[PDB]
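Working notes, beginning with the structure itself.
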Amino acid sequence: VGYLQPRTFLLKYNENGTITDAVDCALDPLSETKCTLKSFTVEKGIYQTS
Amino acid sequence: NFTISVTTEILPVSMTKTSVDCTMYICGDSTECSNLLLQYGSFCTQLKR
Ligand SMILES: *[C@@H]1O[C@H](CO)[C@@H](O[C@@H]2O[C@H](CO)[C@@H](O)[C@H](O)[C@H]2NC(C)=O)[C@H](O)[C@H]1NC(C)=O
């Protein structure tokens, strides 16, 4: 038995239709970085997000 | 005869860097302003970039 709460996720799709990976928005500074930069891989640098 | 003279020259280099936000500057603490900006879309993310 689990619990559900509303937030935003970012999803990456594939040409076959099935989703292969996903990431959330507010769990870690890296997760927030991926959520705000609209990308999965993050290059080294300074990022003002929120 | 020759003489030596000095002359000043001033050129600006850079100004103070300023950064703004739509979430705080446009609306203070109301979540309704956030709701309207999120339903309208991303208008100032390019301005932040
Ligand atoms: C070139 O001109 C300068 C001044 O514009 C001369 O310097 C002065 O020269 C007089 C005598 O010629 C001295 O009494 C002063 O004390 C000098 N001023 C200083 C040392 O600040 C300089 O002598 C001239 N040079 C030549 C080759 O004529």
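Think of each number as a place in line: the chain as shown, counted from 1.
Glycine is treated like the rest: Cβ placed from N, Cα and C.
Record features, source Swiss-Prot:
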type	residues	note
DISULFID	A:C25-A:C35	disulfide bond
CARBOHYD	A:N16	N-linked glycosylation site
REGION	A:14-35	region 'Putative superantigen'
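The CA atom of A:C25 (disulfide bond) is located 25 Å away from the CA atom of the residue listed as 'N-linked glycosylation site'. Across the structure, A:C35 (disulfide bond) and the residue listed as 'N-linked glycosylation site' are spaced 24 Å apart at their Cα atoms. Least crowded of the disulfide-bonded residues (A:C25, A:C35), judged by neighbouring Cβ atoms within 10 Å of its own Cβ: A:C25. Under the DSSP three-state reduction, A:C25 (disulfide bond) is assigned to coil, being neither helix nor strand.
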